[PDB]
Each structure stands twice: as C-alpha cells, then as structure tokens.
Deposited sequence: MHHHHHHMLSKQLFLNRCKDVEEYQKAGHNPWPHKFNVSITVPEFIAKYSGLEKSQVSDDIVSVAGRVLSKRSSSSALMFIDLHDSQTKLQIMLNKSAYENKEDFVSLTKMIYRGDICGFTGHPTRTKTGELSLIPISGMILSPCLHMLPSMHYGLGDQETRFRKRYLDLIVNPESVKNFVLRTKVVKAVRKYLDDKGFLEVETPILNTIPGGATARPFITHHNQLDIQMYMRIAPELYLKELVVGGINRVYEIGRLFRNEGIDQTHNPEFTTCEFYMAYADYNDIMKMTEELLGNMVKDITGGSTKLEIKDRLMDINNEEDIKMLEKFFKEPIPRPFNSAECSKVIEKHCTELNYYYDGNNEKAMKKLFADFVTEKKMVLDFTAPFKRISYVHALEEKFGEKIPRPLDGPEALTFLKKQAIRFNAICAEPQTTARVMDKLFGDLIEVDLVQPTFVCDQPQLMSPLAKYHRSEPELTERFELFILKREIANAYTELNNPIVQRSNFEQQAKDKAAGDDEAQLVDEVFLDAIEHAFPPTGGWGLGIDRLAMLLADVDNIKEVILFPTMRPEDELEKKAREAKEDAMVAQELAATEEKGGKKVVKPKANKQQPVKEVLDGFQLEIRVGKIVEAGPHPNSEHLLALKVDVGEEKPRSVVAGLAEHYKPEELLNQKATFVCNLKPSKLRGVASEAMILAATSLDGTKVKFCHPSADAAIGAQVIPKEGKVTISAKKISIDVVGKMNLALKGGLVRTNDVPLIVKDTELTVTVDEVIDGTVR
C-alpha cells in the first residue's frame, strides 16, 4: 500500500472465475449451447397482464434475460428481476414449485447479479400485484465475471459512458430508445424515396480524388496496386455519373469520412443520405424536404409542431415543422443586418476588403487563408446562423462557395441552392445541379486558385466526372441530409455521441486509466466498509 490500484476488481474477477470453475466441476455447464426461449418478456407482459392477483396460468412458458436484482425472503423463496428488451419481469423462485430441489439450492446459490439466465414455468400475478413467472426449472446461460454498475451510472461522465457502450446500454436502458428512433428515421427516408422510384445504390468508399464537398480526407494505401487511395468525402460525383448513365433517380444512405475536429456535432465518420432526381430543381426538393420532415414529425405526435428542451433540465420550447418553412436569402439577410449592401463584384478585391472590415466591425475574423468564401462563411456563421432556430431554408448562396451548384436563373453571382437550418445547425444541403461541363471545369479552375491560396479544403478537378457530364447530364436536383443530426433533433439531444453507438474516442491515457479504476474500487472499498 498504497499501490495496487484496481485491487478489489481483480480479486472479484479471479474469485468469479473460481466460482464458475467450481460450478462446472459440480456437474453444471455455465455456458449451455441452446436454450429455447418460447416468449419474450414484452410479449409475456402483453399476453399475461390480464391475470389478477394470486392467479396462476396453466400455461408453461420459457423466458431468458439478464439478472439485475437478486433478493430473497427466505431460503425457500427468492425474487429475481430479469431484464429482456429493456423490460423487467420478476421471477419468483419458490422451492415448493421447483421440480429439482438440488438444482434449486445450487442454482439459487450460484446466481450472481449480471448473469444471463433462463427460466421455464407458469405465468402469474402475486398478491403484491407484481407480474411474475414461477419456474419449474431454470439455468444459468452465461455468468457475469465482473461487477455491474448500479442503475444509473456515469450519467454525468460522458467518457466512461461512450467508452463502454455495452455497459451503458444495460445501466441506462432509456438510451436504447435513441438508437431505435435513429433506425426509424433511416427507414422512413428509404420508404419516402423507394415509393418515388428511387434506386438505392452503393458507390465506392475508396477513391483516388476526394470530391463532392469541402473537407480533408483520410489517406490509405492499396498493396497489390501499390497506390494511395482516399476515403470518400461525399458520394456526389458517382451518383451524378449514375444519373448520366440513365438512372433518373438514385440515392445512397452511407458513411462519409472527414479528417477534422471532434465535438458535439462532428464525428470523423458520419452517416448521410444523398439523392439525385432528374428533371427536378431545388424548389421541388424544398417541398420534398418539408413533406418528409413534416411527416416524420407528425408520425410521433401527430401535429407538425414538436415540443423541445430550453442548463440541464426540462424547460419547454416548440419547433414549427409546418409547411411551408421560412425562406431567407444568403446575401439579403446578410445585407439587412449590415446596413451597407455589398459591392457588385463579389469575387473582386474591393468586396474582399469590405468583408474584411465589416468583419472587425462585428468581431468576426477568419483563420488563414482569409479568402472571400471563408470570410463570408465566418460572417454568416457568427452573425445570422445564431438566430436560425425554427426550420429555415437559407437559399441562393454565391458561386464562390458553390462549385457544384447551377447558376441562378434570375440573380447574378448567385446559385440555385439552399441549406436547411434547424436549432442553429445545418441539417440538409441541396442544389439545382450544375450540368454545364464548361462552367464546371472553370469552377474546378476556380477551386485550384483557392487551394493555391493556402486552403487545402477545396475541390480538385475530377477528369472522369468531367467526361461523364460532358456526355450530357440531365437537369437534376440534388439533396444531402445528415442522418446523425436529424436523429439528434428528433431524439432531443445536443450531443452527437448520443445517437452514435460507438463514437470515436481519444484512447485513454495510463493516467486516466489508473484514475478510473482507482475510483471504481474507491467506491467498492467504501461499500465493503
């Protein structure tokens, strides 16, 4: 002393192994191959809740789950809380009702909190009103060799929560309801597109030229081909090539990879849905977005207004998903709050200096390089996005920020594009697709200028794609939504790790490890005293 930091836990593990070893020598198999579960406990509850007090069904069913509680009134009567599908069912181990008495005492002695057990017997409702099962037989299906945390645990410490999801799902079962919700969202999306003739496709994740958006790629290497490859930033280009190929409507709900910073709204690998629809424009896509999200909100309320939160309490607000969404222009709203209305060449030097000095006038300065696009981005970010709470379509961005968006049909130096903002966050991005190969090539020129300027987040010229769209590319509307963030919205959480099963965590130190473990037995030891 005072070393040996994770003493009690090691001791407990060793002793548990010893226990299951003794149990195995006694003629009991701790890990049975097959146990037939005749009914799940939600089905159990749904079927036998009609039972009155002291009533016992003649039916014999078999359930199985994780023991979260083990209490006994005597040696002949034990009560177990068996959890399955995030639902609780009581097991009333009554010795007089158990067929094998020896097995009864051995099993009831051996059962440890955390053990996966199975039981076979009669459904009932006790005098206490607790729906239960009285087992004729029972067995341990998988012994727990460590100490399960109490419910709840780690609710504050996000680290230990998201480092050991397999424990968090057990001690914080409510969290499951998030992920379920997520899978609904996805499914909904699929349906909405599948019913419109869209073809769900799969485009390569490994590339040679990262394009489709503005970011920095993960770099890998293929051995046999002896060549560097890049994990995709966006599936945009390939999907467009599919549209050129003759498949009018395509979509992909896939994993995108971006080597950037990690926060409450950014995971290095995330999930988006991108679709492309021939002979459509961003108006049709606006309507489709309103319809999809509005329906998605109505199938959980079912009004198109959703109740929401707001430190960490329950204060209420409302998100208005009623069609139509509010529509504002990127340059017009920026002009309105500025007082001055921008010089006319937005690409020129004059306007660059002007943005540079309305920047200091509002304390919104950009990290190098300070190109027009980046300065405008920090401007729009620190000034108007902070007030975009209700579902809002931010439309008609300039071209120097939109290389893959088609020219606006009425407004000079603007593009046919919108970004959907909800709760100060970008959820969706959509274009009227640029199908002019000449302008596309010159736009890739115009990106090369930027990545010469120091920017390494600009889009490189893809020659194959250029060839494809040079072979005639239909007028098309394009759409991209962040599944993770929409999930965040609908699940009412302000941390993206709440809707990602295994988020990317910084590998904990030896100090953080030592610490954490030391805490674990600090409290174990305190419980022992």
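Chemist: From the N-terminus onward, what segments of the deposited sequence lack any C-alpha atom in this model?
Modeler: Gaps in the modelled chain, taken against the deposited sequence, lie at 1, 312-372, 592-777.
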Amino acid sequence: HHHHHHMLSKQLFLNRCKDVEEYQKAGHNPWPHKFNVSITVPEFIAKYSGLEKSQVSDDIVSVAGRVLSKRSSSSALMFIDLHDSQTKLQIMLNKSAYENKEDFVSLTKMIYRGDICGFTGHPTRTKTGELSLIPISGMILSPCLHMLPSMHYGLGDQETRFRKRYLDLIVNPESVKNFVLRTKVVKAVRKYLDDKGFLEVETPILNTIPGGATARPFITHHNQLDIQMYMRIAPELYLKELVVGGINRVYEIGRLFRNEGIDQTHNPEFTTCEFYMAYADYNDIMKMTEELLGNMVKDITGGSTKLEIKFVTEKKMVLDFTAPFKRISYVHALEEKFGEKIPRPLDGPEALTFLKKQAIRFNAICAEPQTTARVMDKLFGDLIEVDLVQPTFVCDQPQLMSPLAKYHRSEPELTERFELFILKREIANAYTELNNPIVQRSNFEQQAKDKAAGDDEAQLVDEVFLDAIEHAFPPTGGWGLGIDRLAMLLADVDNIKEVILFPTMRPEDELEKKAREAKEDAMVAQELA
From here on, numbers count along this sequence of modelled residues.
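Chemist: If you average the CA temperature factors as listed in the entry, which stretch comes out higher, 174-182 or 442-450?
Modeler: Comparing 442-450 with 174-182, the higher average CA B-factor belongs to 442-450.
Chemist: Comparing 77-85 with 315-323, which stretch shows the greater average C-alpha B-factor in the deposited entry?
Modeler: On average, C-alpha B-factors are higher across 315-323.
Chemist: Which listed residue, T432, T203, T160, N429, has the largest C-alpha temperature factor in the record?
Modeler: The C-alpha B-factor peaks, among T432, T203, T160, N429, at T160.
Chemist: Which listed residue, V61, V461, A472, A491, has the largest C-alpha temperature factor in the record?
Modeler: The C-alpha B-factor peaks, among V61, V461, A472, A491, at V461.
Chemist: Can you work out whether the C-alpha temperature factor of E130 puts it in the lowest, middle or highest third of the chain?
Modeler: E130: CA B-factor falls in the lowest third of its chain.
Chemist: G246's Cα B-factor: lowest, middle or highest third of the chain?
Modeler: Within its chain, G246 is a lowest-third residue by C-alpha B-factor, going by the deposited values.
Chemist: Ordered by C-alpha B-factor within the chain, which third holds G348? Give me lowest, middle or highest, please.
Modeler: Its C-alpha B-factor belongs to the highest third of this chain's values.
Chemist: Name the third of the chain's ranked CA B-factors that contains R71, choosing lowest, middle or highest.
Modeler: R71: CA B-factor falls in the lowest third of its chain.
Chemist: What third of the chain, by the recorded C-alpha B-factor, contains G197?
Modeler: Answer is lowest: the recorded C-alpha B-factor places it there.
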